[PDB]
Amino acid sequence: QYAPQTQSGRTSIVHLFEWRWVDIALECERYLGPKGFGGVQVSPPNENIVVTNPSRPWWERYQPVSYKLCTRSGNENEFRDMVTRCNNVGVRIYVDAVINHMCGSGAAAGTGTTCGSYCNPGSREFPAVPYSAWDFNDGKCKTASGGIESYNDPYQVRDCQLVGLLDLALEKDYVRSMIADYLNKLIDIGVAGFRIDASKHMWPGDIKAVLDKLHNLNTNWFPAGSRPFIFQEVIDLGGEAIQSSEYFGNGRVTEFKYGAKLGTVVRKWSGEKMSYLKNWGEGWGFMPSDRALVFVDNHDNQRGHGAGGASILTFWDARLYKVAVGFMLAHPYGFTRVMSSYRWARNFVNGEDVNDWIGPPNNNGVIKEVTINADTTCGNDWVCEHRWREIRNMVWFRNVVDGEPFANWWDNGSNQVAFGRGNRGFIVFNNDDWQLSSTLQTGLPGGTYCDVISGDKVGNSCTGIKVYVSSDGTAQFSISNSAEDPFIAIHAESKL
């Protein structure tokens, strides 16, 4: 459950948030495959309720009504086609499994669903599954409102309603089996693993019981006996009743402290400095590297939802975002996930974005295609961070230095920092308000390397900064505090 099951040499996955199956299929063949991306985390592929107020928000996909592969991203044919085409080019697919609940208990009975399935939230009727009143935790929840009134009580958070969502009685074998059948169908289709949504709201044992029923991965692409990759969404910033460690037996867990702390350090808040990152990782109180799935921001916290707060860096703060993603992709800690978002009209009234609900780029409800521009960027308001040179080249960097140990750390005692990875890569950062000009030990063999942050190595030339490393591994790095990208990165494969 801990092994990502990516094709050898590939070390990251991209969250193609709200993308349509057809666009992902294309993206796999034209970009993800050739650019060494390990895989893609897709949005919930099962049927959800249609929320008309507000107009088709992104969160309606987290309110299931059945397990039919039928959504705004596409139908089952399109889904199967995507998985096949992506696996065929070496890019795995990971599904966002929403299994702790069904739709909002307050939703209206009817066929206002993405596939037309009938459902009656009021009576807990979900005919298309099927689920009935006795498959929910209403009777087990002890709070007056039936909702989570305190996060200090493990029972409320797991047995009661998360924001009014109907809570599934996961201790029942019937429910356990319905969910397993859904996941098994996906596994057989070719999916490599899952993101267990809202794991914190389920007992580790219930998740385990479900996982034990899962099929081995499809042998058309995976070796016989391969277990699916599992990463559970557990928001634990420390100091709360439920600990992420309670889920280590099921698979990897989302380390939310990673993005919260990094954002604060890179922004230079609360007295934090980049020089403090020397012992980044478990030294900062994070979970063991091999149990962690790390990221800078995720679909929730980039828009105020979930956890992280104001410190979280997103594509909105492009410059700082790039250095944080670069640091993450360079550091050996955890399995990295890269975010890929869409632009929305933010509108902050009282420090709160009242438009945080806005769904993906659409034409009267139907999702717009991802258009690719000549300069390799995306149109139709898809930001495509994964296509930014600075990001795509760091994904490559991670592949290249995979397995090499953290080494040759250097810092100016403030915000200028540097470290390498064995003898295959080195990265330098300047987040101070002054010039960086030093001769540092890179640990790399002598030669001329193309900086992959400012450019690329084309044939036998660099399109950006070139770094000459002496026979003794040293090199000079000159980075101005006003540089567009205040960091340089070089590796074995960018060598001329």
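From 1 onward, residues are counted along the sequence shown.
Quick check on the record: does 91-99 or 404-412 carry the larger mean Cα temperature factor? Higher mean C-alpha B-factor in the PDB entry: 404-412.
Identify the stretch, either 414-422 or 304-312, whose C-alpha atoms have the larger mean B-factor according to the entry. Stretch with the higher mean C-alpha B-factor: 304-312.
Highest Cα temperature factor in the entry, among the options 238, 205, 334, 359: which one is it? By C-alpha B-factor in the record, 238 ranks first.
When the CA B-factors of 390, 167, 125, 297 are compared as recorded in the entry, which is the largest? Highest CA B-factor of the listed options: 125.
So where's residue 36 on the chain's Cα temperature factor ranking, which third? Its C-alpha B-factor, which the entry lists for residue 36, ranks in the middle third among residues of this chain.
Classify residue 174 as lowest, middle or highest third according to the C-alpha B-factor given in the PDB entry, relative to its own chain. Answer is middle: the recorded C-alpha B-factor places it there.
Taking only the Cα B-factors deposited for this chain, tell me whether residue 434 sits in the lowest, middle or highest third. Answer is highest: the recorded C-alpha B-factor places it there.
Could you tell me which third, lowest, middle or highest, the C-alpha B-factor of residue 193 occupies within its chain? Lowest third of the chain for residue 193's C-alpha B-factor.
Sorting by Cα B-factor within the chain, modelled residues only, which third would residue 427 end up in: lowest, middle or highest? It belongs to the lowest third of the chain when residues are ordered by C-alpha B-factor.
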